[PDB]
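# how would this look folded up:
(chains A, B, C, D and E, ligands or ions: 3)
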Amino acid sequence: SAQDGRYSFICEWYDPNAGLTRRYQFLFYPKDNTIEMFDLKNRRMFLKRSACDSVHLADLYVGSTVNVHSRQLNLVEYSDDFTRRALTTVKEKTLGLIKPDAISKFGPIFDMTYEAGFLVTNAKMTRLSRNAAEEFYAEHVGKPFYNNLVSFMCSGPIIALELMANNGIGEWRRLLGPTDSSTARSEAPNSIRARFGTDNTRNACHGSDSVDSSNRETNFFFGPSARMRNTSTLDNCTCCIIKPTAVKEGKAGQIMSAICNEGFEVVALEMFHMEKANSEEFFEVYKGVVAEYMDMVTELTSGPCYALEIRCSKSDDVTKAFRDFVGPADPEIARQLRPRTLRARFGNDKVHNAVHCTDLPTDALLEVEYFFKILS
Amino acid sequence: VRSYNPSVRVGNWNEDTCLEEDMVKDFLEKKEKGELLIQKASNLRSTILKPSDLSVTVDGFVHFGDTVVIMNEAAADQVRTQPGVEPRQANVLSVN
Amino acid sequence: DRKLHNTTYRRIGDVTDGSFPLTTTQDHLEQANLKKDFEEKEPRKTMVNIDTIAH
Amino acid sequence: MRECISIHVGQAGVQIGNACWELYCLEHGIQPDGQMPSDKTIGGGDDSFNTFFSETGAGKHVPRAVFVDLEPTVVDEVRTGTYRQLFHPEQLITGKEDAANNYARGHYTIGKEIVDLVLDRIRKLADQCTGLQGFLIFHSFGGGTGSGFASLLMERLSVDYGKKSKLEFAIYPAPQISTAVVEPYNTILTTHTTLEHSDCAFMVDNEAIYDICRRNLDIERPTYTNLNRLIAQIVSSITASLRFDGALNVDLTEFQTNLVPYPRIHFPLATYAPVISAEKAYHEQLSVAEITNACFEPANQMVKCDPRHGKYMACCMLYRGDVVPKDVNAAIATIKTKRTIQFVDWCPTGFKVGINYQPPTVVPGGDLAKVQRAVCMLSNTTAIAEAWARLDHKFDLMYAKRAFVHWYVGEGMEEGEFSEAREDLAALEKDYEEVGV
Amino acid sequence: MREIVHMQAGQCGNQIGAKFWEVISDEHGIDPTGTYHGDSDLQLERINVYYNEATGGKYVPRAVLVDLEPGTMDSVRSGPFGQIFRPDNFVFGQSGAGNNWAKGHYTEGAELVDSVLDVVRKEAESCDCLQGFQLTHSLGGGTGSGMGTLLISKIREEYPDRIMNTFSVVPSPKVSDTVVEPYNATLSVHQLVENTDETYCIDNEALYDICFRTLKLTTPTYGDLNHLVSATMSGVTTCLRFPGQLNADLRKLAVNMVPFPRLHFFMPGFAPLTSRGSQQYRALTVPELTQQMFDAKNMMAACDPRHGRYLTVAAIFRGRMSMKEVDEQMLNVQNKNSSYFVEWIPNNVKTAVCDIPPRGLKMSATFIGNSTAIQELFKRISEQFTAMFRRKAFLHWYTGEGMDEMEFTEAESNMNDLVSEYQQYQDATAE
Ligand SMILES: Nc1nc2c(ncn2[C@@H]2O[C@H](COP(=O)(O)OP(=O)(O)OP(=O)(O)O)[C@@H](O)[C@H]2O)c(=O)[nH]1
Ligand SMILES: Nc1nc2c(ncn2[C@@H]2O[C@H](COP(=O)(O)OP(=O)(O)O)[C@@H](O)[C@H]2O)c(=O)[nH]1
Ligand SMILES: [Mg+2]
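Numbers count the residues shown, from 1 in each chain, chains lettered A, B, ... in the order given. Ligands and ions are numbered 1, 2, ... in the order given. Below is the structure:
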C-alpha cells in the first residue's frame, strides 16, 4: 500500500564518471520486501516500488555495500527517527576477538556462532603488538592480569570478528558464558568458553560487555581509522574463497573446520564485502569460456565473502593438493566422482558450489596478493 | 559523425585494432628485454627496501666491523615560527 | 498597568529560532570543505599493479 | 616568469575575485591556508603557480592580486573568510566612504585619496613580478567604485607602466534588467574615459548568464555565486595558456595583436562552453564540433546581444583538455561553411586557436560538470554596437530632462563631460558601423 | 566605519525612536542592561554604526532624546529598553511647547537648542566617519515640528556634506488630533524641504489601516505603529550594518532615488506584513514579497500611488535569496505597471540585497517610493492651511508669540512650489 513500514537510510553511490558520490534515500519496505530510492538534490523519483531481489532484511547493516541494479550503494546514516529507534535494537555491533589459545580451533567457533544466528559482517586474522593494545588499556594496571593479558595478546595471532544478532550484546555474552573458564565449564555445558579454553585470560574470547565500548573496540578495529594488518606471508600458498551463499546458509564453520581437519593451514583470514567491478576483475579469467560469468559475479556481489590463504607442510604443491581436496567444478559431478572431497558435501549448483580455488597452479601467488595486499 | 570505441565495428576499427596490436607487440618486446617502468620500479622497491640487522654493542662503545646507522636527531624547535617550511625532523644518512 | 506604548509583539514575525542564515559569500567560501565527495577515488582496483610484477 | 597581476576593484570585482582565486587555488593545488595540499613536498620543480602566486621564503603562496573597494563591506568579509591567511593583510585595501553609484565620487574627491595607495601596492607587486605580461582589471560598469576608481586606476596605470597590456573584465548593464538608475551615466563616463586606456574589454552581462544558467545548467534560481564561478572559468581558460603546457599556447600579447583590428575596436564577446549540468553531461558526449557549434549558437553568448545581426571581425578559440588538431580544423571548417555566421569581407582568415593540455577543474559545489574538454570563444564582432546604441538612447532619455546631474556637478564633474562622453560614444557607433560593412 | 547619529524630537519622535532602539537592539543581540548577549560575530562586526563602546561590554546608543517637557522623556526612561540610553543625551525642557511652531522655534525651545547642539557636537566628534544624521519628529506637533526643524537647519549648517535624513510623521486627512496641525505641518515642511537630503513622511491613518487590515489586532494601540515605523527605519539602513550581495547605504539610496534636489519626499513600505495567525499558511517567497510591496494597499503613507505616477522605486531585500527572481520580477512589475511609471527614466527601480533577515522573519523587503502622487498630501495641507489663514484663525498664538504673516505666506508659496514641481513631472512627456 502507501505506507507499510518505511525503513529509510541515507546511501551514497560513487558515479564512476564525474567523480561525484551522489546521495540517495533508500526506502526499504518490509512485508513485501521492496525498495524505493529518492534523489537528494534535484528532487525526483530514482526508483519506484519495484521488487528488487538482491536486498533482503538481513543484508542492510548501515556501513555496508548493497548492489541494487549494479549501483554499489553504501549505507551511511540512520535517517528517520522511527528507523533509528527501530534498528538501534535488533542490529548491534559486537566484537568477537578470538584469543591466541584458540588459534587452531576457530572453525568450530565459527560453526557455533552461525548456529546461534550471529550474522558476522567483518573478520580478520591479526598479529597485534605492544602498542596495539588499545583494546585492553581500559582495564589499566588494576592487577597483573593486565601484564599477563597484554603478553598473551602479543604472543600469537587473533581473529577479530564483528558479529550481530538481536540485542546482540548479551546473546554474545550468553554464547560465551561467564569468565573464569574452569567455572564456566562447571556451570555452562555448551558455551564457547566451556568447550575451548583452560583458565582465566585463556578464555578464547573477551566479549563486548557494554554498549559504545563495543563501538570503541570496533573503531579501534574495523572502520575508517583501522590500522590493523593481516598475517599474509605469501610463500607456497593458495586461495580458499568461500562464497557468500555458503557463508549465508550456515556452512562457513563446517567448511573451515573441514579445511583445518583434513590437513593444511590457514595462514591469513579476511572477510570481504565485494563490489561489482572488483568481482569482475577477479573473475575476468572466467570470461566467455565457462558461460556462468554473470551468475558467478552476481553471487560474489550478493553477499559477503571469506578470503583464506592456505599453506601446507605436505610439500608437493599446495595448489594441486588443494585443487584435489576441493570438488572440481560441479556439485553433482563431485558427488558422483570423488565424494569425499569438498564441493560435494557442500554443494547446490555450478554457480553456488561452496567455495573457489586457484584453477591454474601458477597464479595463486598473484591472487593471494590481490586479496591481501591490493584489495585491503 | 559520432565516434565509438574500436570494439564497435563502425569506423576505423580495423586500423585501431592494428594500432593497439602493435602497442601490444611493443609491450611484449620491452618486457622480453626487461626495460618496463613498472618492472623498473617494482624490483627497485623489492631490493632497496629490504630490512637489515644492526650490530649490538655489549658495552656501548662503537667497534670496528659494526653495522651502525648514522642518523640526525630532529630539531629542538618544533614550533613552526615560519609557517610552511617544515622544521628538520629525524634524518638518516643514506645513499642515492 | 495599561501601557499604550507597549509593542504587543516582541518581534515582528515568529518563524525562526534566532540563528543567522550564513550569508551567501560565506556559503560560497565554505564549499571548499566539500572536496571529500568530489574526490576522485577509484573503486576499479585493477588485478595487477606494481607489487605483483615479479609474480 | 610569465607574471600577471590581477586587480579586482568594486563590490562585483571582489566577489568575482573570490570565485577566481578559489578556482586558481583548486587548479594549482593550494589550500586556503596557502600551502601545498598536506605538503608532502615543496620541490620547486613546479612553476605553473608563478603566474598567479608568489613563492616566498616560507613556502607560502600568496596571490598576485589587489582587492579595492571604497566601502569596507565585502573586503572585510574576504578578510574574515576562509581565504583569510591566503591574502596578505596590506594586499586588501579599502576606504571608509563609498562612491555610491556616482562616477563623480569615483573619479574625483573620494577616489583621489586611495589611488596613491593602490598604485603603491601595484608598484610593489610589479617589483615582485619579473616578466609581467600585464594586468587583469576585474570591475563593473554599473557605477561607483567599479567605474570612477577603475577609470582613475587605468589612467594612472597607462601613464605609469608603458603599454603593459590591460585586460578589463566588465559587468555590463543588461538590456532589460539592471540595478542602478544612474547606470547609463556611469557606464558612458567610464567607457569614454577608458576607451583610450583599455587594451581589450572582456564584456560579460548578467541577464545572459541568468538565461544560460536557466536554460543549460538548469537552475531556476541562479545567483551571483554561479555567475562569478562561470566568469572564473572564463578567465581560467584564458590564462591556461600562460599557466599550463599545451599544443598551442596563446599568450596575452598573442591575444591583442591577433584579435583587435583597430585600436578603438577592442570590445569582444566571451562564450565559455561546455554548458551542461552534472546529470546531463553523464549521458551526452561533448565533442569538439558540437562544443564549437554551442559557442556559435546565439544563446550561449555572455552578453545579451544577437551576433546574427552583425559581422565577426575576429575569433580566438582556446581549447582545454584532449582537443586534437584534426577535429578542431574540422569544426572550424564546418563553421566557415555554415552561412548563418557571417564574417566581414576584409578578414578571410579570422580564427586563432590554441590547445592547452590541462583539463578543466570542477569546483566542489559548482554546477559545471567534470568535463575532459572545453572551448572558450572570444569574438570581436559588430553586435555590441546595438548595446552601445541602446545605452546611449537610455542616456539621452534622462539627459534631455537633465535628471540626476546635480549629484555629479556638486561632487566635482563639469557639466560638459556628459556631452563629451556622448560625443565619444557616437564616434564609437560610427566607427563600428563603418568597420562592419 | 560609516556612522549614523539618531536624533529624537517630541512625543511621537521619542516613542518611535524608543521602538527603533528596541528593534536594532534585539537585531544585534543587546540586552536592556547594555551588554552583548549575541551568538554570531555578524552582530558585533558593525555595531559601531549605531553604538558607542563603553566600560566593559556595554554599548550606548548614539541617540539624543529631545523634548520640551519632563513627561515622555521620563516615561521612556522608566519603560523597558530605557536604561540603555546615556543619562546625558536626555535634554528636556521645563515649560510646554503648546503644539506651537513659534514656541518650538523661537521661544524657550530655542534656548535649549544650544545644549542640543553641544550634545550633538560631542557625539559627532566621537564619530570616525559619520555617514550622517537621522531625525524622527512629529510634523503637526510643537516640539518636533518647529524645534526639530531648527535642529535640522543648524545641523545642516554645521555639517553641509553628510547625509541628513528625516523620517517624520505627517498629518492624516481623516481625524485631526491637533487643531493647529495644518500650521505646524506647513511652516515645518517649508523648513524641511530646504535642508534635508531625504525625508520619509510616515502617515498615521495608514499605520492604522495596515495594523487593522493586514494584521487585524482589533485595537492596535501605538506600539504596533511604532513597530512598523521602526522596521522601516531598520530596513532602510540594514546595508550599513550587515553584509549582502548588493549593498546600498543612505547615499546610494539618495543618489539612486533623488532626481532633482527638491524632490526627496518618499513613500515608505514594508513587506511581509501578514498577520500572526495567517503567516503559517503562505509560502513566503519573492513573488509574494514583490506583490505585497507594490500594491497600493501597503503604503505606510496616506497617499494613493494610483492617482499619480512613480518617479523612482527602491527595493531593499533582507535575507538569503536568489536574486535572479528579484531582478526578473522588478522587470515584470515595471512592464506590467509601466503606465504607473515615468517614461523618461528607463530602469526607475533600484535593487539592493542584504542577506541577513531581521529576527523573526526569514526574508523581508523594504520599499521606498518617490512617486509623484505626494502632491495630494501637500495640496490637502495647503487647502486646510488657506482655510484658516484667510480668516486669521489661530494666528494670534503665533504672531503675539512673535513672528509675522509673511513667513506663513512664504511657507504656502513654497508648498505650492512643491505641488507644481511634482505636477510638472506627473505628466511631463518625453518625446
Ligand atoms: N556578475 C556579477 N556582477 C555583479 C556582482 N556583484 C555586483 N555586480 C554588478 O554590479 C552592479 C552594482 O554596482 P557595483 O559594481 O556593486 O558598484 P560598486 O563597485 O560597489 O561601487 P559603489 O556603487 O560606489 O558601491 C550590478 O548592476 C551588478 O551587475 C557579482 O557578484 N557578479
Ligand atoms: N506613530 C505614532 N504616532 C504618534 C505616537 N504618539 C503620538 N503620535 C502622533 O503624533 C501627533 C502629535 O504630535 P506630538 O508628537 O505630540 O508633538 P509634540 O507635542 O511637539 O511632541 C499626533 O497626531 C499623533 O497621531 C506614537 O506612539 N506612534
Ligand atoms: Mg558597492
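
# From ligand 2, how far out is the closest residue in space to residue B:65 that isn't next to it in sequence?
Excluding the flanking residues, the one nearest residue B:65 by C-beta to C-beta, 6 or more residues apart in numbering or on different chains is residue B:55, at 7.5 Å. Every residue, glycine included, has its C-beta placed from N, CA and C. Computed as C-beta to the nearest ligand atom, to the nearest Å, the residue B:55 to ligand 2 distance reads 96 Å.

# neighbours of residue B:55, just the number please.
10 (other C-beta atoms under 10 Å in any protein chain shown).

# What residues does it make contact with?
By C-beta atoms under 8 Å, 6 or more residues apart in numbering or on different chains, residue B:55 lies in contact with B:63, B:65-68.

# Can you flag the buried ones in the residues you listed?
Among the contacts of residue B:55, not one is classed as buried by 16 or more other C-beta atoms under 10 Å in any protein chain shown.

# Need these in CSV (columns: distance to residue E:282).
Shown next, in CSV, are the contacts of residue B:55 (distance: C-beta to C-beta, whole Å):
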residue, distance to residue E:282
B:63, 91
B:65, 91
B:66, 87
B:67, 83
B:68, 82
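
# just curious, which of those residues is nearest to chain C?
Distances from chain C to the contacts of residue B:55, taken as C-beta to the nearest C-beta, are shortest for residue B:67 (27.3 Å).

# Residue E:317 belongs to a strand?
Yes: per DSSP: H, G, I helix; E, B strand; the rest coil, residue E:317 lies within a strand segment.

# buried residues in stretch D:397-407?
D:397-399, D:401, D:403-405, D:407.

# Looking at chain B, which residue is nearest ligand 2?
Ranking the residues of chain B by distance to ligand 2 (C-beta to the nearest ligand atom) places residue B:83 first, at 57.4 Å.

# Output the buried residues of stretch D:397-407 in JSON lines; the columns should cover secondary structure and distance to residue A:212.
Converted to JSON lines, those look like this (DSSP: H, G, I helix; E, B strand; the rest coil; distance: C-beta to C-beta, whole Å):
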{"residue": "D:397", "secondary structure": "helix", "distance to residue A:212": "73"}
{"residue": "D:398", "secondary structure": "helix", "distance to residue A:212": "71"}
{"residue": "D:399", "secondary structure": "helix", "distance to residue A:212": "75"}
{"residue": "D:401", "secondary structure": "coil", "distance to residue A:212": "76"}
{"residue": "D:403", "secondary structure": "coil", "distance to residue A:212": "72"}
{"residue": "D:404", "secondary structure": "coil", "distance to residue A:212": "69"}
{"residue": "D:405", "secondary structure": "coil", "distance to residue A:212": "74"}
{"residue": "D:407", "secondary structure": "helix", "distance to residue A:212": "68"}
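
# from those residues, which is closest to residue D:181?
Comparing those against residue D:181 with C-beta to C-beta picks out residue D:404 as the nearest, at 7.0 Å.

# need the contact list for that closest one.
Counting by C-beta under 8 Å, 6+ apart, residue D:404 touches D:181-182, D:185, D:398, E:255, E:259.

# ok, 6 Å please
D:182, E:259 (C-beta atoms under 6 Å, 6 or more residues apart in numbering or on different chains).

# Could you report the neighbour count for the residue in the stretch 101-250 of chain E positioned nearest to chain A?
Per C-beta to the nearest C-beta, residue E:245 is where the stretch 101-250 of chain E lies closest to chain A, at 22.4 Å. Burial of residue E:245 is recorded as 24 neighbouring residues (other C-beta under 10 Å).

# Chain neighbours aside, what residue packs nearest to it?
residue E:353 (4.2 Å).

# Return the set of residues that bridge with that neighbour.
Beta-bridge partners for residue E:353, by DSSP bridges, are residue E:246, residue E:317.

# Next: residue D:379.
Going by DSSP bridges, residue D:379 forms beta bridges with residue D:269, residue D:315.

# thought it was touching residue D:316?
No: using C-beta atoms under 6 Å, residue D:379 is not in contact with residue D:316, being 7.7 Å away.

# And stretch D:120-136, how far out from the chain middle?
19 Å (C-alpha atoms, centre = their mean, to the nearest Å).

# Next, the spatially most central residue of chain D: secondary structure please.
With distances taken as C-alpha atoms, centre = their mean, the residue of chain D nearest its centroid is residue D:169 (2.6 Å). Under three-state DSSP, residue D:169 falls in the strand class.

# thinking it is in contact with residue D:140, fair?
No: between residue D:169 and residue D:140 there is no contact under C-beta under 6 Å: 8.9 Å.

# need the contact list for the residue in chain C that ligand 1 sits nearest to.
For chain C, the residue closest to ligand 1 is residue C:25, as judged by C-beta to the nearest ligand atom, at 8.9 Å. Shown in contact with residue C:25 (C-beta under 6 Å, 6+ apart): residue D:77.
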